[PDB]
Each structure stands twice: as structure tokens, then as C-alpha cells.
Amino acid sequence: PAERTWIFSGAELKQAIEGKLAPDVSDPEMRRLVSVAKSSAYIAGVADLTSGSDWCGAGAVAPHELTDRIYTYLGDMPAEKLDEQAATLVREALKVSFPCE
């Protein structure tokens, strides 16, 4: 607890997905576009790395659909898990929403 090494926590990713993680940007609509660009790209990093193994559908699911399923998972899970590194939460969300068989 506050011994963190990760660049995004679950809480920071969720705030980016919601359009509220670019305080350096002046226009509120640009702030939203930048925030969502960060969350989409963070999710893409984890998705691309794990497509073989942890989840299935990489060639046939639109990237923004991943964000929708990750967001519902981040909201459904207990609130204290948001202090964890975001990437393991994204991998968990993808496994649950796009399981391999």
C-alpha cells in the first residue's frame, strides 16, 4: 500500500476511460479525447501482448469493444482492487469477456 511501481493503477485507467486523465490539456473536449486515447492504447498494449494465450478474438473484435468490457469489469469488481496495477486487471477482464476454448 503506496509501495507501487506501476505506471497506471486500476483507478487511473478507469479515470482515463471516463475521459478525466489529462490535466495538462485546456479544452474539455480535447481533455476527453486525450484521456480516452491513453486508456485505449494502454488496453491495446496488454491486449496485443496476451492475444495468443489469455484471450481469444484478436482479429475479429473491434478495439473499442475491448474498452467497453474492461470498463464494466473495473466497475463490477470490489473498489479496493483499483489500487492494483491496471495491466493485470485488463488481462483478467479480457480472460472473462473473451475466454479461449
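Start at 1 and count along the sequence shown; that's the residue number.
The question of which stretch, 81-89 or 11-19, has the higher mean Cα B factor is settled in favour of 81-89. Per-stretch averaging of Cα B factors for 72-80 and 26-34 places 72-80 on top. Among the modelled residues of the chain, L49 sits in the middle third by CA temperature factor in this PDB entry. When the modelled residues of the chain are ordered by C-alpha B-factor, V61 sits in the middle third.
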